[PDB]
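Enquirer: To start, I am sharing the structure in question, which I have written as structure tokens.
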Amino acid sequence: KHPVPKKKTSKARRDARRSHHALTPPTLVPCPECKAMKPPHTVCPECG
Amino acid sequence: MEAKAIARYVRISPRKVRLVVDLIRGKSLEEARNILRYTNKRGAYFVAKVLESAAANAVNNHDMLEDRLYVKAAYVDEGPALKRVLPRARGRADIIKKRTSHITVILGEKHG
Amino acid sequence: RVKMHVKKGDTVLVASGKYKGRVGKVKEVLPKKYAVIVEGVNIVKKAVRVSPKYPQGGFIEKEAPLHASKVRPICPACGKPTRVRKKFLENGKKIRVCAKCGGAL
Amino acid sequence: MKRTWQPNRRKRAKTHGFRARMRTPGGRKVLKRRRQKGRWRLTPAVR
RNA sequence: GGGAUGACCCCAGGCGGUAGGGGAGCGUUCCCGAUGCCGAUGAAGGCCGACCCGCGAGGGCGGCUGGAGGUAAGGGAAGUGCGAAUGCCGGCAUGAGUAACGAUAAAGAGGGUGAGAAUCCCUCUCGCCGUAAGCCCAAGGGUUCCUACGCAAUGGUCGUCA
RNA sequence: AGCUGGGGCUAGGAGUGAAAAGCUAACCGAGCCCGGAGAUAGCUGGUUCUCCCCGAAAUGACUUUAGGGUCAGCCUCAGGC
RNA sequence: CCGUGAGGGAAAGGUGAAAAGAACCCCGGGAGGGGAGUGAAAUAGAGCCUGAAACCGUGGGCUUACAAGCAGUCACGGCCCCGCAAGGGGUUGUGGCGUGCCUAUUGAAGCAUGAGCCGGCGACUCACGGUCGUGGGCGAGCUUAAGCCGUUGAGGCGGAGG
Ligand SMILES: [Mg+2]
Ligand SMILES: [Mg+2]
Ligand SMILES: [Mg+2]
Ligand SMILES: [Mg+2]
Ligand SMILES: [Mg+2]
Ligand SMILES: [Mg+2]
Ligand SMILES: [Mg+2]
Ligand SMILES: [Mg+2]
Ligand SMILES: [Mg+2]
Ligand SMILES: [Mg+2]
Ligand SMILES: [Mg+2]
Ligand SMILES: [Mg+2]
Ligand SMILES: [Mg+2]
Ligand SMILES: [Mg+2]
Ligand SMILES: [Mg+2]
Ligand SMILES: [Mg+2]
Ligand SMILES: [Mg+2]
Ligand SMILES: [Mg+2]
Ligand SMILES: [Mg+2]
Ligand SMILES: [Mg+2]
Ligand SMILES: [Mg+2]
Ligand SMILES: [Mg+2]
Ligand SMILES: [Mg+2]
Ligand SMILES: [Mg+2]
Ligand SMILES: [Mg+2]
Ligand SMILES: [Mg+2]
Ligand SMILES: [Mg+2]
Ligand SMILES: [Mg+2]
Ligand SMILES: [Mg+2]
Ligand SMILES: [Mg+2]
Ligand SMILES: [Mg+2]
Ligand SMILES: [Mg+2]
Ligand SMILES: [Mg+2]
Ligand SMILES: [Mg+2]
Ligand SMILES: [Mg+2]
Ligand SMILES: [Mg+2]
Ligand SMILES: [Mg+2]
Ligand SMILES: [Mg+2]
Ligand SMILES: [Mg+2]
Ligand SMILES: [Mg+2]
Ligand SMILES: [Mg+2]
Ligand SMILES: [Mg+2]
Ligand SMILES: [Mg+2]
Ligand SMILES: [Mg+2]
Ligand SMILES: [Mg+2]
Ligand SMILES: [Mg+2]
Ligand SMILES: [Mg+2]
Ligand SMILES: [Mg+2]
Ligand SMILES: [Mg+2]
Ligand SMILES: [Mg+2]
Ligand SMILES: [Mg+2]
Ligand SMILES: [Mg+2]
Ligand SMILES: [Mg+2]
Ligand SMILES: [Mg+2]
Ligand SMILES: [Mg+2]
Ligand SMILES: [Mg+2]
Ligand SMILES: [Mg+2]
Ligand SMILES: [Mg+2]
Ligand SMILES: [Mg+2]
Ligand SMILES: [Mg+2]
Ligand SMILES: [Mg+2]
Ligand SMILES: [Mg+2]
Ligand SMILES: [Mg+2]
Ligand SMILES: [Mg+2]
Ligand SMILES: [Mg+2]
Ligand SMILES: [Mg+2]
Ligand SMILES: [Mg+2]
Ligand SMILES: [Mg+2]
Ligand SMILES: [Mg+2]
Ligand SMILES: [Mg+2]
Ligand SMILES: [Mg+2]
Ligand SMILES: [Mg+2]
Ligand SMILES: [Zn+2]
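Chains as they are written, first to last, in my numbering: chain A, -5 to 42; chain B, 18 to 129; chain C, 834 to 938; chain D, 12 to 58.
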């Protein structure tokens, strides 16, 4: 019982683990009346 | 000419806040402005503050002409970590570290 | 307990530093720092907050203390001496071994 | 579950107390040592 | 052998190596050398070097940093060289954005405050205790009580609340 | 032979025990602290710059000796022949 | 701070010559920062001398998605860089070769011990005796101890004794 890691994992291998960890920016559309930006299919912070 | 802001000893984890910083790098100040607002991370707040101070500092200090601002380079280094004791089973007591980020946004002028 | 040489009355010469060469009168003397302040020699610029007077004001000029060793008593007619002590009756003195004179006041 | 410290202010002054220590040579030497080490409190503090 | 009584040319050989024996050196702290010498036209320390000397330990030189010390030749004396001791003290990693966030009594909305609110305040609805999860007393604790101003930390999130 | 609050007494080769070597302040076939103390350890670990030369033993005898020793053997250095 | 108690028992020094410790303005709730100003120096700004290493991060050069490994080494080649070039630095495609360090053992890459990594602390000494060797003094002799006198860190006397 009680499993443990056998080797400190390397700076190479943990960083490669993280290759998927990167964020993707919010999805945004120009607003119908106001100048500003909005997520699509939502109610605009300005001029709802 | 180029202008910066550095938020220091921000109580938040460098690993965590670095992620949103990556979202806005090389972005025109205006897309960077839109990206952080709709990003959902506790660190979008803190970066947006540093973004602005540098935007302020740019126009307001180094006479940089706002409309052409982009994010030249930017990054968070790791500040000094405060340690606290987390009591555990059978008397044991580990220590967890609440960390610290030094956020840096560096602004420069677009060439158009 | 600290013995000095110059006192408040004195006219002294600043014998070293930025203000080397200049004579003036010791305005105050701080035995515990071994420092004399000679008005108006050593002046500095302190920045100061906008509470009342300097209510607008941001900057004051003030005269900084000097290491009591930097200055020397002037001795009427010269710019030397050190110390000497004449006794007579009953006691006390300062004379110039340069020589031989007051302080006094 | 019932543990080892069950504080009672009389027991403390009666057992580790100052008059306690002073009654017995064993205990005068307790005070002698504590005094010599320069302890701030020679004897438990009970309220 | 070269007769230079030698520090040196020539010739001929030997030189795998653990426990061990032997020999020569490098370097660190300190003393005499020193009331001297180096030094702000930059000491010790640090960071570089593809350069010079040494077989090697090392020594030079050069640039950058640093900003007040260093210490030749010759000799003397030692708290003198670390990679390992489940060594000692510290610092920072890995596991990992993983396990958890501590009773499955349960929450929803509207409004207020505030830079900022699932987490504070009020209202409404819902749920849970009720020989208690309510109220009194004794220990023990020691200002935690009340109220104003606060949110760095403490609060397993947040906090404008405590 | 009930449970329980408060106040007391008994303790280290000693107490207490409807007896398990149980318990005696979260490890009791002999408590904890400070001291004798740097106890002892024929055992385990560890032992820090460089270059040059040479270079072993794992056998014999005795040994409350057998994974430790003393003498011999085998290495090395100096002087001698 | 730990312990009921006797008792155990830490960490933690350094701005600058001088506070001249940064008024004022800008982003900001603040913290923090950007200009201004001080200062010889402000990556000396108070989490303040020097500021190593592990460790984290941004930018650049070379490189890698049909190879397979104690990670190096030998060779050639491609790219980038320094130049006087026959030159040198970086990186690494393909090809040769290649069983970690220490410890302990007849034998370890060993699937036997120890070690996450870095920095610092860390183990053949001293006294008196003994015994060899060596550098000197005096040699049928050699030599003083306690003590006495003297002394800028000045030595001499002292013959009991061995
Ligand atoms: Mg827990
Ligand atoms: Mg517990
Ligand atoms: Mg950890
Ligand atoms: Mg009970
Ligand atoms: Mg306890
Ligand atoms: Mg009572
Ligand atoms: Mg006191
Ligand atoms: Mg040869
Ligand atoms: Mg050899
Ligand atoms: Mg050989
Ligand atoms: Mg200068
Ligand atoms: Mg030194
Ligand atoms: Mg240097
Ligand atoms: Mg020297
Ligand atoms: Mg020497
Ligand atoms: Mg040592
Ligand atoms: Mg070793
Ligand atoms: Mg996992
Ligand atoms: Mg999971
Ligand atoms: Mg989970
Ligand atoms: Mg829960
Ligand atoms: Mg409002
Ligand atoms: Mg409001
Ligand atoms: Mg009822
Ligand atoms: Mg009470
Ligand atoms: Mg308490
Ligand atoms: Mg309080
Ligand atoms: Mg209250
Ligand atoms: Mg309030
Ligand atoms: Mg708070
Ligand atoms: Mg919190
Ligand atoms: Mg009872
Ligand atoms: Mg009682
Ligand atoms: Mg009782
Ligand atoms: Mg009793
Ligand atoms: Mg008995
Ligand atoms: Mg019983
Ligand atoms: Mg106890
Ligand atoms: Mg017990
Ligand atoms: Mg006993
Ligand atoms: Mg026993
Ligand atoms: Mg003994
Ligand atoms: Mg021992
Ligand atoms: Mg024994
Ligand atoms: Mg021992
Ligand atoms: Mg026998
Ligand atoms: Mg044995
Ligand atoms: Mg033998
Ligand atoms: Mg206590
Ligand atoms: Mg100072
Ligand atoms: Mg600055
Ligand atoms: Mg510097
Ligand atoms: Mg400096
Ligand atoms: Mg620091
Ligand atoms: Mg200094
Ligand atoms: Mg510093
Ligand atoms: Mg990179
Ligand atoms: Mg194929
Ligand atoms: Mg390919
Ligand atoms: Mg190869
Ligand atoms: Mg080992
Ligand atoms: Mg072994
Ligand atoms: Mg074995
Ligand atoms: Mg075996
Ligand atoms: Mg293995
Ligand atoms: Mg094993
Ligand atoms: Mg192994
Ligand atoms: Mg080390
Ligand atoms: Mg001897
Ligand atoms: Mg000897
Ligand atoms: Mg002789
Ligand atoms: Mg005398
Ligand atoms: Zn005169």
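We treat Cβ as the ideally placed atom computed from N, Cα and C, and that holds for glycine.
Whose C-beta lies closer than 8 Å to the C-beta of B/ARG105 among residues of the same chain, with five residues either side of it excluded?
Expert: Your numbering for residue 105 of chain B matches position 88 in the second sequence. Cβ neighbours of B/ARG105 beyond the five flanking positions: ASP111.
Enquirer: Along chain A, which residues have their Cβ under 8 Å away from the Cβ of B/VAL37?
Expert: Locating residue 37 of chain B in the second sequence gives position 20, counting from the first residue. What B/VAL37 touches in chain A: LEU17.
Enquirer: Would B/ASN77 and B/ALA22 be called neighbours here (beta carbons separated by less than 8 Å)?
Expert: Taking the second sequence and counting its residues from 1, the one referred to as residue 77 of chain B is at position 60. Taking the second sequence and counting its residues from 1, the one referred to as residue 22 of chain B is at position 5. Their beta carbons are not under 8 Å apart, which means B/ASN77 does not touch B/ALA22 by this criterion.
Enquirer: So B/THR56 contacts chain A; which residues on that side make the cut at Cβ distance below 7 Å?
Expert: Taking the first residue of the second sequence as 1, we reach residue 56 of chain B at position 39. What B/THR56 touches in chain A: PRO20.
Enquirer: Using 7 Å as the cut-off, classify the Cβ of C/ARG882 as near or not near the heavy atoms of ligand 73, replying yes or no.
Expert: Here residue 882 of chain C refers to the residue found at position 49 of the third sequence. Not under cutoff, so the answer is no.
Enquirer: Just curious, the alpha helix (DSSP H) that A/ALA6 is in, first and last residue?
Expert: Numbered from 1 along the first sequence, position 12 holds the residue referred to as residue 6 of chain A. First-last of the alpha helix (DSSP H) with A/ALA6: 5 to 11.
Enquirer: Could you check which residue in B/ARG50, B/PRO31, B/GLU48 has the C-alpha nearest to that of B/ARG116?
Expert: For this step, residue 116 of chain B is matched to residue 99 along the second sequence. Looking at the Cα atoms, B/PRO31 is the closest of the given residues.
Enquirer: Take C/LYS836 as the anchor and find which of C/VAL862, C/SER884, C/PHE892, C/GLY890 has the nearest alpha-carbon.
Expert: As a first step, residue 836 of chain C is located in the third sequence; it is residue number 3 there, counting from the start. If we check each option's Cα against that of C/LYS836, C/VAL862 comes out closest.
Enquirer: Taking the alpha-carbon positions, what's the C/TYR887 to C/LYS895 distance?
Expert: Along the third sequence, one-based indexing puts residue 887 of chain C at 54. Along the third sequence, one-based indexing puts residue 895 of chain C at 62. C/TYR887 and C/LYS895: Cα-Cα distance of roughly 14 Å.
Enquirer: Does C/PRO906 pass the burial test, meaning 16 or more other C-beta atoms within 10 Å, or should it be called exposed?
Expert: Stepping through the third sequence from its first residue, residue 906 of chain C is reached at position 73. Answer is buried; the Cβ neighbour count reaches 16.
Enquirer: Taking only runs of the beta strand (DSSP E) that begin and end inside the stretch 904 to 931 of chain C, which ones reach a length of at least 3 residues, in chain order?
Expert: If we require 3 residues or more, the beta strand (DSSP E) runs fully inside the stretch 904 to 931 of chain C come out as 904 to 906.
Enquirer: Run through DSSP, which three-state label would A/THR18 get?
Expert: On the first sequence, position 24 is the one that residue 18 of chain A refers to. Three-state result, A/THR18: coil.
Enquirer: In chain A, what lies closer than 7 Å to B/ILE52 by C-beta?
Expert: For the purposes of this step, residue 52 of chain B is taken as the residue at position 35 of the second sequence. Going along chain A in sequence order, the residues near B/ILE52 (Cβ under 7 Å) are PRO19, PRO20.
Enquirer: Quick one: which chain A residues come within Cβ less than 8 Å of B/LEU40?
Expert: If you number the second sequence from 1, residue 40 of chain B lands on position 23. Those within 8 Å of B/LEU40 in chain A are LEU17, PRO19.
Enquirer: Quick check on DSSP: helix, strand or coil for B/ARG85?
Expert: As a first step, residue 85 of chain B is located in the second sequence; it is residue number 68 there, counting from the start. If DSSP states are grouped into helix, strand and coil, B/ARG85 belongs with the helices.
Enquirer: For A/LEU17, which of B/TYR55, B/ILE29, B/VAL27, B/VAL102 has the nearest alpha-carbon?
Expert: The count along the first sequence starts at 1 and reaches residue 17 of chain A at position 23. Per the Cα distances, B/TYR55.
Enquirer: Which two residues bound the contiguous beta strand (DSSP E) that contains B/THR121?
Expert: By 1-based counting over the second sequence, the position of residue 121 of chain B is 104. Segment 118 to 126, the beta strand (DSSP E) holding B/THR121.
Enquirer: Just to confirm, are B/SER118 and B/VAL37 a CB contact at a threshold of 8 Å?
Expert: Your numbering for residue 118 of chain B matches position 101 in the second sequence. Your numbering for residue 37 of chain B matches position 20 in the second sequence. Their beta carbons are not under 8 Å apart, which means B/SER118 does not touch B/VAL37 by this criterion.
Enquirer: Roughly how many angstroms separate the alpha carbons of D/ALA24 and D/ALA31, rounded to a whole number?
Expert: Locating residue 24 of chain D in the fourth sequence gives position 13, where the first residue counts as 1. Locating residue 31 of chain D in the fourth sequence gives position 20, where the first residue counts as 1. Each residue's Cα considered, the two are about 8 Å apart.
Enquirer: What separation, rounded to the nearest whole angstrom, lies between the Cα atoms of C/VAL856 and B/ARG85?
Expert: Translated into positions along the third sequence, residue 856 of chain C becomes position 23. Translated into positions along the second sequence, residue 85 of chain B becomes position 68. Approximately 59 Å between the Cα atoms of the pair.
Enquirer: Taking the straight line between their C-alpha atoms, what separation do you get for D/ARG58 and D/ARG20?
Expert: Taking the fourth sequence and counting its residues from 1, one reaches residue 58 of chain D at position 47. Taking the fourth sequence and counting its residues from 1, one reaches residue 20 of chain D at position 9. Going from the Cα of D/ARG58 to the Cα of D/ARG20 covers about 7 Å.
Enquirer: Starting from B/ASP94, follow its DSSP beta bridges and name the residues at the other end.
Expert: In the second sequence, the residue the question calls residue 94 of chain B occupies position 77. Note: B/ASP94 sits in a beta bridge opposite B/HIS119.
Enquirer: Below 8 Å on C-beta distance, what does A/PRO33 contact in chain B?
Expert: Mapped onto the first sequence, residue 33 of chain A falls at position 39. Under the 8 Å cutoff, chain B gives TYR55.
Enquirer: For C/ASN875 and C/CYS911, I'd like the C-alpha separation in whole angstroms.
Expert: Counting from one through the third sequence, the residue named residue 875 of chain C turns up at place 42. Counting from one through the third sequence, the residue named residue 911 of chain C turns up at place 78. If you take the alpha carbons of C/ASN875 and C/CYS911, they lie about 23 Å apart.
Enquirer: Are the beta-carbon atoms of C/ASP843 and C/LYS858 separated by less than 8 Å?
Expert: The residue you call residue 843 of chain C lines up with position 10 of the third sequence. The residue you call residue 858 of chain C lines up with position 25 of the third sequence. Closer than 8 Å, so yes.
Enquirer: Quick one: grab the DSSP three-state call for residue 2 of chain D.
Expert: Residue 2 of chain D lies beyond the stretch modelled for chain D, which goes from 12 to 58, so this question has no answer here.
Enquirer: Would you call C/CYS908 buried or exposed, if buried means 16 or more other Cβ atoms sit within 10 Å of its Cβ?
Expert: Within the third sequence, the letter at position 75 stands for residue 908 of chain C. C/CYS908 is buried by the Cβ-count criterion.
Enquirer: Considering only DSSP beta bridges, list what B/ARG101 is partnered with.
Expert: Start at 1 with the first residue of the second sequence, and residue 101 of chain B comes out as number 84. Bridge partners of B/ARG101: B/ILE113.
Enquirer: Between C/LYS919, C/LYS878, C/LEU899, which lies nearest to C/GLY890 when the distance is taken from Cα to Cα?
Expert: Sequence index remark: in the third sequence, residue 890 of chain C carries index 57 (1-based). Taking only the C-alpha atoms, the option nearest C/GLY890 is C/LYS878.
Enquirer: Look up C/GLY857 in the DSSP assignment and say whether it is helix, strand or coil.
Expert: For the purposes of this step, residue 857 of chain C is taken as residue 24 along the third sequence, with counting starting at 1. In this structure, C/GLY857 counts as strand in the three-state DSSP scheme.
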